[PDB]
Amino acid sequence: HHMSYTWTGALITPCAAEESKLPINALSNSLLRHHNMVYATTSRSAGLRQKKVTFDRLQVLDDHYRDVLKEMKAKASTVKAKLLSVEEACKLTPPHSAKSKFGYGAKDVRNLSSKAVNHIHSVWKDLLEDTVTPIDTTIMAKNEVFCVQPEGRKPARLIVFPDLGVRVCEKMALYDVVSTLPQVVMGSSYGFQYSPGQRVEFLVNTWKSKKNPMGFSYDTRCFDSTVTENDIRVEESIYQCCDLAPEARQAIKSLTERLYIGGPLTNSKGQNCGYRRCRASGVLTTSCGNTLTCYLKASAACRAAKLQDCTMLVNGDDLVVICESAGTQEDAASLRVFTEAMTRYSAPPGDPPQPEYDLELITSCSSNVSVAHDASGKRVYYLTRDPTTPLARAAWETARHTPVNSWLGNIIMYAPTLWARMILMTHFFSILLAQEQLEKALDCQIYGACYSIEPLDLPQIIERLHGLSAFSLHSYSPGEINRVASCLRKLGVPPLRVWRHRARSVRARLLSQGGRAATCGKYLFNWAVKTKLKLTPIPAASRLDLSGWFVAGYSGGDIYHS
Ligand SMILES: [Zn+2]
């Protein structure tokens, strides 16, 4: 047997008390009334998750697989990557990253304190000398917020991560590799090179490039658990194709043998929970490995299915394919063959894929293309998503400070959307005004990495990522309007006419503050008035350093880019 996990029966334990019920304050009702619809996952459901993620993996690897792999390795061989110094790697550590078990924390690391640096060096030396001993990991249940979907409650997802010292060593060995290799190997198919607008451009251009377009998303069941020892060694063989220093080569070999392939699982109480033989969700290579492995399996599956003129877009375990239609029956047939190949590769689907002939109806990375109209009346395509989870998370953040501010990330990613503009902007700017906290920088995450963002910089950030049109879109699609309306009914969110009324108040209060606050009032809330101000390029926008923002995925990888 080739089991993803083996377990001792020891429990996955929490670090602090965990809340599952939505916390309520005086502001909660202004956002939503159906409080019992929002929950957070806790370690209490960890056993249910363990059951779901534990299975035997079988893998049959054919000529299509090896052909694509050869191609990937040929591209990888053009990459030159560098070792990061200790200091460079230390500066990439989030200020609140989990402290080391060895007597120092993330602040000590960021400050280059002697004890941290010395220990990191000792971890590094040990990686070079020893390429066999499994490195310890901690297993935790993630506390994440969702809306109930009777389609009831998700069990908590699991996070598996090594000690802080090792994580700094992972950056040193592989940060440059995971940041540069995937776009070289996968080209335009690598999803994390795109801002949301650029992703939309690629998808729309790809769709228009087909005579008779068909598209489909592919949902792998428990992707991390599907990743085998084979997959992880194949990933390492790809990394090693790069032009690397011998010390980097040795560290990558060692991290592969000792950490990436598998290792002991330890709870928060120091007890042995069992043993992992699949992808660790909390390592630097999580996003890059998943993306490469998904792309490899899917590219080979496309060949097996004989899909005509197909283009892929891959973000970790998330996959969308757009190809040439051969008719509805022939397409259904192709997807069945595609699915069979993926399954043989260890990657069977949760929901079976279905052919889609309307681009707007294809969901990938929880998102879809939709269309609205700019100030001139021109059709504009933009990225959107079902607002349920963003709004459930905003409900939580209304009553509780959290390490990651999802509302702020969601405004950045989904600025052009009806719901981010009318609800998220209005609600959160009301709150920040009330506490006079417009100037206070908040942590958020973009493609897995951590940023400290000042809400007063939102107009310039949005202009840079989405263009000026994000401040003037109107006439959204009836499909998008219905979806938003359905979500508001479900969660008990006030109707859009109430948000319009509130936004006029927010806009006025922001304008009354002048400076950056007034720019926010002017640009972010121009949709809320009949008396529309003239929106011109903001000078500060061109000065914003937004490099590294949409380059690569770092989910689980403990990266701070501020
Ligand atoms: Zn065997």
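All of this is worked out from the model, or read from it or from the source named; these are not laboratory values. All Cβ positions, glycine included, derive from the backbone under ideal geometry; neighbour counts span all protein chains shown.
Within the range 473-492, restricting attention to residues that are over 26 Å from the mean Cα position of the chain (by Cα) and closer than 22 Å to residue 396 by Cβ, which residue is surrounded by the most Cβ atoms within 10 Å (Cβ to Cβ)?
Ranking the qualifying residues of the range 473-492, first place goes to 492.
Within the group 314, 371, 380, which residue is over 30 Å from residue 24 (Cα atoms), in contact with a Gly (Cβ under 7 Å, 6 or more places away or on another chain) and of a type outside the set (S, T, N, Q)?
On inspection, the qualifying residue turns out to be 314.
Do we have residue 332 as of a type in the set (A, V, I, L, M, F, W, C), more than 19 Å from residue 419 (Cβ to Cβ) and in a loop (DSSP other than H, G, I, E, B) here?
Answer is no for this residue.
Only one of 125, 107 is farther than 16 Å from residue 554 by Cβ, outside any loop (DSSP other than H, G, I, E, B), touching a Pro at 6+ places or on another chain (Cβ under 7 Å) and in the same structural domain as residue 241 (by CATH); which?
On inspection, the qualifying residue turns out to be 107.
Within the range 366-382, can one find any residue that is on the phi > 0 side of the Ramachandran plot and small (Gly, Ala, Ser)?
Yes, the range 366-382 has at least one match.
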